[PDB]
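**Q** Mind looking over this structure? Questions follow.
There are 2 protein chains.
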Amino acid sequence: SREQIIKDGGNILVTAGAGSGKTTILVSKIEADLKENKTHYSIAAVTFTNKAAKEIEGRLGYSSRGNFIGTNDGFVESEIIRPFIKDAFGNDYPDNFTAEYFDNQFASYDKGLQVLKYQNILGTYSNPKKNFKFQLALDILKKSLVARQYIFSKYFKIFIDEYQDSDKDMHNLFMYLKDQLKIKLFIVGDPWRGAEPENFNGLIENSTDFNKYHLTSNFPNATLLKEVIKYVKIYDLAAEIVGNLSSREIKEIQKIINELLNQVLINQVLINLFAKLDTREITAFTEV
Amino acid sequence: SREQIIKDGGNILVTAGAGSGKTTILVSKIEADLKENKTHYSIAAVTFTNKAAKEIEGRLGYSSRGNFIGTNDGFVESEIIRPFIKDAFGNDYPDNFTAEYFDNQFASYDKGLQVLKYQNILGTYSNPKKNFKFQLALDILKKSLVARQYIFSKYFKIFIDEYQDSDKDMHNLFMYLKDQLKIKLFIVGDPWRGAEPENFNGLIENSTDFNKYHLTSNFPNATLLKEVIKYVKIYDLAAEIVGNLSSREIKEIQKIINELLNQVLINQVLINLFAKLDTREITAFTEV
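Residue numbers (PDB author numbering), protein chains in the order written: chain G, 2 to 192, 199 to 226, 322 to 335, 341 to 368, 373 to 388, 393 to 403; chain H, 2 to 192, 199 to 226, 322 to 335, 341 to 368, 373 to 388, 393 to 403.
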C-alpha cells in the first residue's frame, strides 16, 4: 500500500511491478517529504530515462527549493563532477568538458583518467561492465572535502528508480552516500547497457536495516523501435534513450533516421543504430 | 610626429623602434579616438604579448564602452570563434572548447577541422608557419552572416601592434577585415616563432590607401630566461609568453621550472623547455 510507506522516513525499498506505480509513488512520496520538511535540505530524483525525469518534474511543478530532477548520469556531472573536479584533481583538469557516449572510448581507468585531463571531454568506458563516470564521481567525493560537505548539506534524501538496471559501480556510489555520508535513500526496483540486476536483488537479503515494500501491480528493446516508427509518421526520441545525448551525436543519429524514411535499407539502418549503442524486431519494423 | 598621427583617421603605419614610443602612442591614439567618437562603436586593441595587453589596458581605466584589449588569439576566440562557431559549422561543433598549444596538433586543415569536431577542443597547428586558429576564424566569417554583421557593427577601428611579427594567416584575416568588411586599421611594425616580417614590409609599399608615418627611437629570447631567473628569486612569467596559456600547460611549465632551482640539470631543463615551446643563453643562466 501507499499509506505506510508515506509515514516511513527511513530507507525504503519499493518492488513495484511493470513500472505502473513507480512514477506515481515517486511523485507522491516526494511531495509528502517536501511538504513535511521545512528545513533548507532538498531532494534529488534520478531516473534512467530522460523523459521519465521530465514527466516527474512536471508533476511536482515549479519550486524554488532547489530540488534536482534528472538522469543518473546528469546527477553526478551537475552535482559532483562539474563543481569539484578541479578541487579534487588540481586546476589542470577542466570543468567545462562535454560527455559523448559513442566517441572517445578507453580501456582502462588509469588510461581513462589520464586521457581525461588532456582530452577535455568527459570520456566513456568501452567495457559495459564498468562505468568510468561513476568511478570518477566516487573518487572525487573521497578526495574532496568540500564536495563531501556540499552533498551532505544539500540533500537529505535521494530518490532512485529502476534500480534493477543500476550498474554495480553505480550501486557502489549510492552506498557510499548512504553509509558514511548518512543520506536517506528511496530506491525503486523491479523484479541500461551495463545493467547489473545482481546488486539490487542481493541488496534486499544483504542489508537488514533497509525497509522493503511491495505494492500491487494494479490499483525488451521494442520501445525505441516504436519511437522511431512514430517519429517517421528527434529531440523527443533523445529523451527515450538513457543519458544526455550531445548535439553532434544526435545530429549523426538523426541523419541515419531520415535515411530510413525499402525493406533492405530498413534492415541496414537498424543494424548500424544498434551498432552505435533481434531478428523478430526487424520483421516488426518491416511490417510497420 | 605624434600630433600628425593623432589627427589622422585613416589607416596608419607606425615604424617605431625598440618599442619605447609605440606603446605610448598606441594608448594616446586610442584615447584620442575614443574621446572623439560619440557613437556606439568600439575599438579592439590586440597585442602579441599578454603582458602588453594589461599594461595597455591599465592606461585607459574602467569604461563601459565595450572596448577589447587583449591578445591576438584571445580576440579571435572571444569575438569570432566562440560565439559564432555553431552558426557557421552547425550545432555539432562546440563553443566550450579550450586552447592547448602543446598537444593535439594537426597536420592538415581538413583533418584539423575533422578532429576538432570530435575532439571538441581547439589546438595549434603542427607547422609553426601556419596558424590553424586564424583561418578557422576567417572561414567562420565567410560562412556566418551574423558573425560578419556583428564585427562590422561592433568595431570601427582595430589596433594591432607588432604587425611585423604577424603571421601570414593573421595578416590574411586582418586584411579581410579591412578591405572587405570596411574597418579602419592601426598597425605597428618594427623591422611568435612561425611568422614572417616580409608580409608587413611588402604591405608597406603594396598598399597605396595606407599611410606610412615614421616614429623615431627616442621620443631574441633574452627575456624568457630573465623572467624565470627573477621567478627563482608562476602566473606572471606565464603571461609574458605569447598567447593564452592553459592552466594545465602552466602547471607543466611550473613542474619543469622548479627543477632548475646543478649545471648539467640546468642545461637539460633548458633543452626540453625549448622542445616544448642557444649555447650563449645557457651559459648566462649558469652564471646567474
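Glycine included, every Cβ here is placed at the ideal spot set by N, Cα and C.
Using Cβ-Cβ distances below 9 Å, what residues of the region 139 to 151 of chain H are close to chain G?
**A** Cβ contacts with chain G come from no residue of the region 139 to 151 of chain H.
**Q** Should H172 (chain G) go down as buried or exposed, given a rule of 16 or more other Cβ atoms within 10 Å for buried?
**A** Mapped onto the first sequence, residue 172 (chain G) falls at position 171. Buried is the call here.
**Q** Name the chain H residues that come within less than 9 Å of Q120 (chain G), Cβ to Cβ?
**A** The residue you call residue 120 (chain G) lines up with position 119 of the first sequence. Result: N105, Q120, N121 and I122.
**Q** Excluding five sequence neighbours on each side, which residues of the same chain lie with their C-beta closer than 6 Å to the C-beta of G18 (chain G)?
**A** Position 17 of the first sequence, counted from the start, is the residue given in the question as residue 18 (chain G). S224.
**Q** Measure the CB-CB distance between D74 (chain H) and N373 (chain H) and report whether it falls below 8 Å.
**A** On the second sequence, residue 74 (chain H) is found 73 positions in, with the first residue counted as 1. On the second sequence, residue 373 (chain H) is found 262 positions in, with the first residue counted as 1. No, Cβ-Cβ distance for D74 (chain H) and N373 (chain H) is not below 8 Å.
**Q** Within a Cβ cutoff of 7 Å, which residues of the same chain sit near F226 (chain G), ignoring the five residues on either side of it in sequence?
**A** Numbered from its first residue, the first sequence carries residue 226 (chain G) at position 219. Once the five neighbours on either side are set aside, the close Cβ partners of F226 (chain G) are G22.
**Q** Output the residue ranges of the alpha helix (DSSP H) runs that lie fully inside the region 31 to 98 of chain G and measure 4 residues or longer, sorted by chain position.
**A** Those alpha helix (DSSP H) runs which fall completely within the region 31 to 98 of chain G and span 4+ residues are 51 to 61, 73 to 77 and 83 to 90.
**Q** What does a CB cutoff of less than 8 Å around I26 (chain G) pick up in its chain, not counting 5 residues either side in sequence?
**A** Position 25 of the first sequence, counted from the first residue, corresponds to residue 26 (chain G). Closer than 8 Å at Cβ, skipping near neighbours: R3, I6, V15, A17, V189 and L222.
**Q** In chain H, which residues lie with their C-beta within 8 Å of the C-beta of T99 (chain G)?
**A** Stepping through the first sequence from its first residue, residue 99 (chain G) is reached at position 98. Within chain H, the residues near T99 (chain G) are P95, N97 and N121.
**Q** If we cut at 8 Å on Cβ distances, does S79 (chain G) have a partner in chain H?
**A** Residue 79 (chain G) sits at position 78 when you count from the first residue of the first sequence. Taking Cβ atoms only, chain H never reaches closer than 8 Å to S79 (chain G), which makes this a no.
**Q** Helix, strand or coil: which one does DSSP assign to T125 (chain G)?
**A** To locate residue 125 (chain G), count along the first sequence from 1; it is residue 124. Residue state, collapsed to three classes: strand.
**Q** Hey, does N351 (chain H) have any beta-carbon neighbour from chain G nearer than 8 Å?
**A** For this step, residue 351 (chain H) is matched to residue 244 along the second sequence. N351 (chain H) does not count as touching chain G.
**Q** For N92 (chain G), would you say it is in contact with chain H, using Cβ-to-Cβ distances shorter than 8 Å as the test?
**A** Locating residue 92 (chain G) in the first sequence gives position 91, where the first residue counts as 1. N92 (chain G) counts as touching chain H.
**Q** With 16 other CB atoms within 10 Å as the buried threshold, where does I382 (chain H) fall?
**A** Residue mapping note: residue 382 (chain H) aligns to position 271 of the second sequence, counting from 1. Exposed is the call here.
**Q** Under 8 Å between beta-carbons, which chain H residues line up against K358 (chain G)? List them in chain order, please.
**A** Stepping through the first sequence from its first residue, residue 358 (chain G) is reached at position 251. Those within 8 Å of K358 (chain G) in chain H are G91, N92 and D93.
**Q** What's the gap between the Cα of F90 (chain G) and the Cα of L139 (chain G)?
**A** Here the question's residue 90 (chain G) lines up with position 89 in the first sequence. Here the question's residue 139 (chain G) lines up with position 138 in the first sequence. The alpha-carbon atoms of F90 (chain G) and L139 (chain G) are separated by roughly 13 Å.
**Q** Check whether the Cβ of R355 (chain G) lies closer than 8 Å to any Cβ atom in chain H.
**A** Here the question's residue 355 (chain G) lines up with position 248 in the first sequence. Closer than 8 Å to some Cβ of chain H, the Cβ of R355 (chain G) qualifies, so yes.
**Q** By alpha-carbon positions, which one of H:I86, H:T394 and H:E101 ends up nearest to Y94 (chain H)?
**A** What you label residue 94 (chain H) is simply residue 93 of the second sequence in a count that begins at 1. Residue H:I86 is the option with its Cα nearest to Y94 (chain H).
**Q** So, under 8 Å CB-CB, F135 (chain G) and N12 (chain G) are touching, yes? Tell me the CB distance rounded to an integer number of Å.
**A** Taking the first sequence and counting its residues from 1, one reaches residue 135 (chain G) at position 134. Taking the first sequence and counting its residues from 1, one reaches residue 12 (chain G) at position 11. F135 (chain G) to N12 (chain G), Cβ: 20 Å. No contact.
**Q** Where does the unbroken alpha helix (DSSP H) through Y119 (chain G) begin, and where does it stop?
**A** The sequence position of residue 119 (chain G) within the first sequence is 118, counting from 1. Run containing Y119 (chain G): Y110 to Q120, per the alpha helix (DSSP H) assignment.
**Q** Does DSSP classify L174 (chain G) as helix, strand or coil?
**A** Taking the first residue of the first sequence as position 1, residue 174 (chain G) is located at position 173. DSSP places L174 (chain G) in helix when its eight states are reduced to three.
**Q** Sorted by chain position, which residues of the same chain lie with C-beta nearer than 6 Å to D166 (chain G)'s C-beta, five sequence neighbours on each side aside?
**A** Translated into positions along the first sequence, residue 166 (chain G) becomes position 165. The answer, listed in chain order, is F49, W199 and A202.
**Q** I'd like the list of long-range same chain contacts for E205 (chain G), defined as Cβ closer than 8 Å, with 5 residues on each side in sequence excluded.
**A** Position 198 of the first sequence, counting from 1, holds the residue named residue 205 (chain G). For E205 (chain G), where only same-chain residues beyond five positions count, the Cβ hits under 8 Å are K169.
**Q** Could you check the C-alpha separation between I57 (chain G) and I44 (chain G) for me, to the nearest Å?
**A** On the first sequence, position 56 is the one that residue 57 (chain G) refers to. On the first sequence, position 43 is the one that residue 44 (chain G) refers to. Those two C-alpha atoms are separated by around 13 Å.
**Q** What's the C-alpha gap between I141 (chain H) and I341 (chain G)?
**A** Your numbering for residue 141 (chain H) matches position 140 in the second sequence. Your numbering for residue 341 (chain G) matches position 234 in the first sequence. So the two alpha carbons sit approximately 27 Å from each other.
**Q** Please name the residue, chosen from H:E347, H:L388, H:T401 and H:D393, that lies closest to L367 (chain H) on a Cα-to-Cα basis.
**A** Along the second sequence, one-based indexing puts residue 367 (chain H) at 260. Of the candidates H:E347, H:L388, H:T401 and H:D393, the one whose C-alpha sits nearest the C-alpha of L367 (chain H) is H:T401.
**Q** Considering Cα atoms alone, identify which of G:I81, G:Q379, G:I211 and G:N213 is closest to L178 (chain G).
**A** For the purposes of this step, residue 178 (chain G) is taken as the residue at position 177 of the first sequence. For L178 (chain G), the nearest C-alpha among the options comes from G:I81.
**Q** Run through DSSP, which three-state label would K219 (chain H) get?
**A** What you label residue 219 (chain H) is simply residue 212 of the second sequence in a count that begins at 1. DSSP places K219 (chain H) in strand when its eight states are reduced to three.
**Q** Classify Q379 (chain G) as helix, strand or coil using the three-state DSSP reduction.
**A** For the purposes of this step, residue 379 (chain G) is identified with residue 268 of the first sequence, where counting begins at 1. Three-state result, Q379 (chain G): helix.
**Q** Do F69 (chain G) and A100 (chain G) have their C-beta atoms within less than 8 Å of each other?
**A** Walking along the first sequence from the start, residue 69 (chain G) turns up at place 68. Walking along the first sequence from the start, residue 100 (chain G) turns up at place 99. No, these two residues do not count as a Cβ contact at 8 Å.
**Q** List the whole-angstrom C-beta distance separating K158 (chain H) from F207 (chain H), where the pair is believed to meet the contact cut-off of C-beta under 8 Å.
**A** To locate residue 158 (chain H), count along the second sequence from 1; it is residue 157. To locate residue 207 (chain H), count along the second sequence from 1; it is residue 200. Not confirmed; about 18 Å, so no contact.
**Q** Quick one: what does DSSP say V334 (chain G) is sitting in, helix, strand or coil?
**A** Within the first sequence, the letter at position 232 stands for residue 334 (chain G). In this structure, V334 (chain G) counts as helix in the three-state DSSP scheme.
**Q** Using DSSP with H/G/I as helix, E/B as strand and the rest coil, what is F103 (chain H)?
**A** The count along the second sequence starts at 1 and reaches residue 103 (chain H) at position 102. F103 (chain H) falls in the coil class under three-state DSSP.
**Q** Leaving out five residues on either side along the sequence, give the residues of the same chain with a beta carbon under 7 Å from the beta carbon of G67 (chain H).
**A** For the purposes of this step, residue 67 (chain H) is taken as the residue at position 66 of the second sequence. Counting only Cβ-Cβ distances below 7 Å, and skipping sequence neighbours, we find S43.
**Q** Under the three-state reduction of DSSP, which class applies to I152 (chain G): helix, strand or coil?
**A** Numbered from 1 along the first sequence, position 151 holds the residue referred to as residue 152 (chain G). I152 (chain G): helix per DSSP, three-state reduction.
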